[PDB]
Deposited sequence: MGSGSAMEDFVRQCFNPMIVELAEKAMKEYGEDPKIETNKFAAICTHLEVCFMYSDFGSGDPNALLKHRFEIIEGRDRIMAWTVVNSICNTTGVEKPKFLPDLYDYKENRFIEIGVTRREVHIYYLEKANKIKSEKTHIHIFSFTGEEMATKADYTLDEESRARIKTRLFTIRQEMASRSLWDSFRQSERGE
């Protein structure tokens, strides 16, 4: 499958290795579930960019369940913020809130509604990015400055265009794996 080669060519080896772990540890083959592989890579990269564009952010995503829950519990004990039922992706120290990052191939409002209905906890802030350069955040609070969100949007659009240049974007968009 060309999707695997595209993933290995456009994503950092660290991100690819983390995605391979998240998949093979839980019984999934990145050679079979290629769309999910690409989606996990993209989501991890977006989370890491979000965090780097802050210090201000503590990355929960990219860790094993043990370490992620350890970090969440430590943040809850220090700041007193309520413990999320589902592992969020980041913690904002400035705004003092957990953040769930979503990357979708569908409309941002549909994915935002799905995410909100999933995590029935208003305190976890939701930020949805799309591959067409659109975003949607809880209360329209995008947390980051314009430049950081622009960089993330450019990266996402570039991933989509690279997929399209290899005739991979149609299969990826018509699939909902990873969201």
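- Missing from the model, relative to the deposited sequence, are the stretches 1-4, 59-67.
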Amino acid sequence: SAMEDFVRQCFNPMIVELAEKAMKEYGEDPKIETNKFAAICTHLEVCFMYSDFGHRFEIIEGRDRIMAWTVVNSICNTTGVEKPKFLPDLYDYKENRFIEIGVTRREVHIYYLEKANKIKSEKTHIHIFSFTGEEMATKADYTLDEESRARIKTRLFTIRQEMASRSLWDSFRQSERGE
From here on, numbers count along this sequence of modelled residues.
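- Stretches 42-50 and 137-145 differ in mean CA B factor, with 137-145 having the higher one.
- Averaged over CA atoms, B-factors in the entry run higher in 27-35 than in the other of 149-157 and 27-35.
- Across the options 90, 103, 81, 87, the residue with the most elevated CA B-factor in the record is 81.
- Residue 119: CA B factor in the highest third of modelled residues in this chain (values from the PDB entry).
- Looking at the C-alpha B-factors along this chain, the one for residue 175 belongs to the middle third.
- Among the modelled residues of its chain, residue 163 has a C-alpha B-factor that falls in the lowest third, as given in the PDB entry.
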